[PDB]
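These notes are about the structure you will find just below.
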Amino acid sequence: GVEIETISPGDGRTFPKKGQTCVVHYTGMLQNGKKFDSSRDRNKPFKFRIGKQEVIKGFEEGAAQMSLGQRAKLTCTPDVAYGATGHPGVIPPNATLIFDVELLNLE
């Protein structure tokens, strides 16, 4: 269950497709918790492509549902990212994930 709440401005038309490498200033957040990840800190804005299952499943669907300039707000279920396992030391098991995602991409 990918739930999008978009900070509006952008174009609303340039959508990510297969074989396209897209650039995201992502920012993680734990529900009722603190931060765990921020692309803003390293200032290297995470160039990644679509269709190789590089990212988790919750981030993968929500990345396609944006456009250039937009700014969404993910709400990922536990079963699509880590909720059975939990990323060791970083994500506890059965966790619900929140992301500030801005799509400023190419291609």
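Residues in the structure tokens are numbered from 1 in each chain, the chains being A, B, ... in the order shown, and ligands are numbered from 1 in the order shown.
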Residue neighbourhood residue 73 in chain A, 7 Å, only C-alpha atoms, exclusion window fewer than 2 positions, as a list in words: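 In the requested form, the answer reads residues 4, 5, 6, 71, 75, 99, 100 and 101 of chain A.
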Using only C-alpha atoms, what does the table of range 1-26 of chain A residues within 7 Å of range 46-69 of chain A look like, with each row giving the shortest atom pair and its distance in Å to one decimal, sorted by chain and ascending number, as a Markdown table?
| residue | atom | partner | partner_atom | distance |
| --- | --- | --- | --- | --- |
| A:2 | CA | A:58 | CA | 6.1 |
| A:9 | CA | A:69 | CA | 6.4 |
| A:10 | CA | A:69 | CA | 4.0 |
| A:11 | CA | A:68 | CA | 6.0 |
| A:12 | CA | A:67 | CA | 5.2 |
| A:13 | CA | A:67 | CA | 6.0 |
| A:14 | CA | A:67 | CA | 5.1 |
| A:15 | CA | A:67 | CA | 5.0 |
| A:16 | CA | A:64 | CA | 5.2 |
| A:17 | CA | A:50 | CA | 6.9 |
| A:18 | CA | A:50 | CA | 5.4 |
| A:19 | CA | A:50 | CA | 5.9 |
| A:20 | CA | A:49 | CA | 5.5 |
| A:21 | CA | A:49 | CA | 3.8 |
| A:22 | CA | A:48 | CA | 5.6 |
| A:23 | CA | A:47 | CA | 4.8 |
| A:24 | CA | A:46 | CA | 6.2 |
Close residues, residue 91 in chain A itself excluded, 12 Å, only C-alpha atoms, min 2 positions apart in chain, as a PyMOL selection string: chain A and resi 28-31+33-37+78+81-89+93-97
Which parts of chain A does DSSP call strand (DSSP E) when run on the backbone here, written out as an MDAnalysis selection string? chainID A and resid 21:23 27:30 47:49 71:76 97:102
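If you count only C-alpha atoms and ignore residues fewer than 5 places along the chain from residue 45 in chain A, what sits within 12 Å of it is residues 22, 23, 24, 25, 26, 27, 38, 39, 40, 101, 102, 103, 104 and 105 of chain A.
Atom to atom, CA of residue 44 in chain A and CA of residue 76 in chain A stand 23.6 Å apart.
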Residues of chain A in helix (DSSP H, G or I), written as a CSV table (one decimal) with C-alpha atoms, in the first residue's frame:
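Now in out-v8.csv:
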chain,number,residue,atom,x,y,z
A,39,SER,CA,20.4,11.9,0.8
A,40,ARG,CA,20.6,15.6,1.8
A,41,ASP,CA,23.5,14.9,4.1
A,42,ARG,CA,25.9,13.2,1.6
A,57,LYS,CA,9.1,-2.3,-3.2
A,58,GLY,CA,7.4,0.5,-1.5
A,59,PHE,CA,9.8,3.1,-2.8
A,60,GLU,CA,9.6,1.5,-6.3
A,61,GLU,CA,5.9,2.0,-6.9
A,62,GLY,CA,5.9,5.5,-5.4
A,63,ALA,CA,8.8,6.6,-7.6
A,64,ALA,CA,6.7,5.9,-10.7
A,78,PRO,CA,5.9,-3.3,6.5
A,79,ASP,CA,5.6,-6.2,4.0
A,80,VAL,CA,7.0,-4.2,1.1
A,81,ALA,CA,10.3,-3.1,2.6
